[PDB]
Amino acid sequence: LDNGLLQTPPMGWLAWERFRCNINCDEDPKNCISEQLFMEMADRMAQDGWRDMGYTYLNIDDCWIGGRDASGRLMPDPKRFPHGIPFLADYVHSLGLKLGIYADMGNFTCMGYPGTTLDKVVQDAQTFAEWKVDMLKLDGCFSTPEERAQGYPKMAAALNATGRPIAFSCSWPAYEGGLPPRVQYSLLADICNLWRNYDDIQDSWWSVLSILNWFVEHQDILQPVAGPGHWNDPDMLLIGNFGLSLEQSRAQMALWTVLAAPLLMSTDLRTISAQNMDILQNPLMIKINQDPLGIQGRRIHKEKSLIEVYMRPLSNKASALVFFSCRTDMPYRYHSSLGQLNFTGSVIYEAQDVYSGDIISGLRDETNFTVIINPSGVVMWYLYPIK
């Protein structure tokens, strides 16, 4: 979407994966979907280095809506958002952050909240703009294929017509099998800043793997359509939550990074461990994710040892390499060379291990190297020529 926004993948925090549709504030005031939840998270983002590292979006997901007023204007839940959305947006803006919101192109949101039907698209768009929202996620529950085909471009137009730059996250392709011919990626690139291609992430390694495997199976189609202003969205980061081990947490961060994926956290930032913070706030990882060229990486190698190699092209002739172990036994000594990974010329490279910080110099195409990769884990290299 040619709206000046998201020339790099969006970084921030989204409520859904960790906090879901928890509306029971009476029994659970600290974790329910409420203005308090968002204000506290915003505070964490401002104070704990998140915003300074590039995590700027703070996104409301489903279950925020109270209803529509006498004029049909959406309103938040009065008990859970007492000061209103404009107040929240102001708060978020004052901390140097951006506010995202959620709506559904259909009769209802997936959790049954008032939907943005075709005749409400313009009104809701104007409402979000008036509120000074910075990002919209438009879901596609309770709609027909025809309604989505009309509705998603309708919202893009409506958002444009408001004059406010609003990042546009489209769930459209996820409701269509995510593939051509049903999905027209050329159109999506023109109307959206990013799109959910595939299934919702759940807090498990199995879920991460199923998403990865789908993106890799269809990378010939998906890799080229991504770039500055228009991204594939494989869904939220799970880092900080319950389902992933340490190795798996580091793996998702690395793999979402080579895929030029959004870096959208969904975890309790109030109680997040230093170890998980270290993953998410890795300065080199973020630099690679935010690379100005915006070229989505690819799986370039799969071996019978169940070691996979991913590669992402970067600016200044640099590359990102992710050595990924799908093994479930023990650490594995992966022996390779840059020549075997389709690097050419007589260029002498140097690599920095993204997690350990170690530097490997004197890497020519023929130079044999070993990386030790842990089960369900990664070794990641930032690779560059030296002279």
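Heads up, when I say rigid core I mean the largest set of C-alphas that superpose within 1.5 Å between the two forms. One rule holds for the numbers: they count along the sequence shown, beginning at 1.
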query	finding
RMS CA shift, core-fitted in 6 other deposited structures of this protein, bigger for 357 to 365 or for 343 to 351	343 to 351
Stretch exceeding the other in mean C-alpha B-factor - 339 to 347, 325 to 333	339 to 347
Entry-level comparison of average CA B-factors, 360 to 368 and 10 to 18, reporting the higher stretch	360 to 368
Record-listed C-alpha B factor of residue 37: chain third	highest
Ranked C-alpha temperature factor of residue 260 among modelled chain residues, by third	lowest
Chain third (lowest, middle, highest) by recorded CA B-factor, residue given as residue 43	lowest
Third assignment of residue 270 from its chain's C-alpha B-factors	middle
Position of residue 163 among the chain's modelled residues by C-alpha B-factor, lowest, middle or highest third	lowest
